[PDB]
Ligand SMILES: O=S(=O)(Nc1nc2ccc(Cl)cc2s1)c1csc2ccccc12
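Listed next as structure tokens is one chain, alone, in the form deposited without the ligand.
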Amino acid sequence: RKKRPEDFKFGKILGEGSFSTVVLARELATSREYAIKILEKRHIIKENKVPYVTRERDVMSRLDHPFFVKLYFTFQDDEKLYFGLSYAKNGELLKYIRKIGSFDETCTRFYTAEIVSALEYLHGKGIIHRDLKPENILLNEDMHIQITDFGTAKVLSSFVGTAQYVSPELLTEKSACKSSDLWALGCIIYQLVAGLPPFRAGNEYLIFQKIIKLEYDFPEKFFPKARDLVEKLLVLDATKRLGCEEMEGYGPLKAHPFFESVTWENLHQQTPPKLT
């Protein structure tokens, strides 16, 4: 039953990383489009990434939620590993943030809520993403989110992700917890509303300075209830972010006033607000 490269008509490159290329592919027998992640074995071995690639495949096998990529299949030839992933027709969330500048309140609320549910599911399984960002939050043809890129993930019984979204505890204890994803969630909300990430600067080092000093500002037009929520996520003490277990988990966070009108139980059956 293993699939093979010949079973597909490969098309355009969707994305490139240091250790992988994601290519759109149309399976011949079915007409189905998959986003196939291709990784060269030699380069993985050379750079000691075997544990990272193994962990990524293992974590993805365990994801069975409409808000996360799905691993349909894997195979390999002599030089390469192939992971068959769900194809997110409408691409990165980042693209929409730039096209429209910033989201109105209805949109921010709806998409934030979906990210929260996704995180609730993910953290429920003791998995931490460690690199959450609009680049990693994809939109499929229905405009529901699909979170991907699990090569940096950690399974709870070393790293640093993208500078703008790195939490203080990572720059301090070199540590990482569910809270780290929640910090990143705080930045993404800020970004949906403001149009830009909260911590900006000329280089990695300057960005890290602002992060540890909690140096950022809210624009005046920022939705008040959204601001309050952000202030309860962008908290230096990881032990005091809305959503973390020390703060008693996702119940209080979902009960936040910003999510007042949200029906949490069937988000992926709701039709997303039109993005304008």
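Sequential numbering from 1, following the sequence displayed.
Quick note: we don't show the form solved in complex with the ligand, though the next part is all about it.
>> I have 109, 112 and 117 flagged as a candidate spot, so tell me whether each of them has a non-hydrogen atom within 4.5 Å of the ligand in the bound PDB entry.
In response: Answer is no for this spot.
> Residues in which of 224-232, 211-219, 43-51, 245-253 have heavy atoms within 4.5 Å of the ligand in the bound PDB entry?
Replying inline: Result for this chain: 43-51.
>> Please identify the residue among 83, 190, 183, 103 with any heavy atom within 4.5 Å of the ligand in the bound PDB entry.
In response: Exactly one listed residue reaches within 4.5 Å, namely 83.
> Counting only non-hydrogen atoms and a 4.5 angstroms cut-off, does residue 57 reach the ligand in the bound PDB entry?
Replying inline: Yes, residue 57 sits close enough to the ligand in the bound PDB entry that at least one of its heavy atoms falls within 4.5 Å.
> Are any of the heavy atoms in residue 76 no more than 4.5 Å from a heavy atom of the ligand in the bound PDB entry?
Replying inline: Close contact exists here: in the bound PDB entry, residue 76 approaches the ligand to within 4.5 Å, heavy atoms only.
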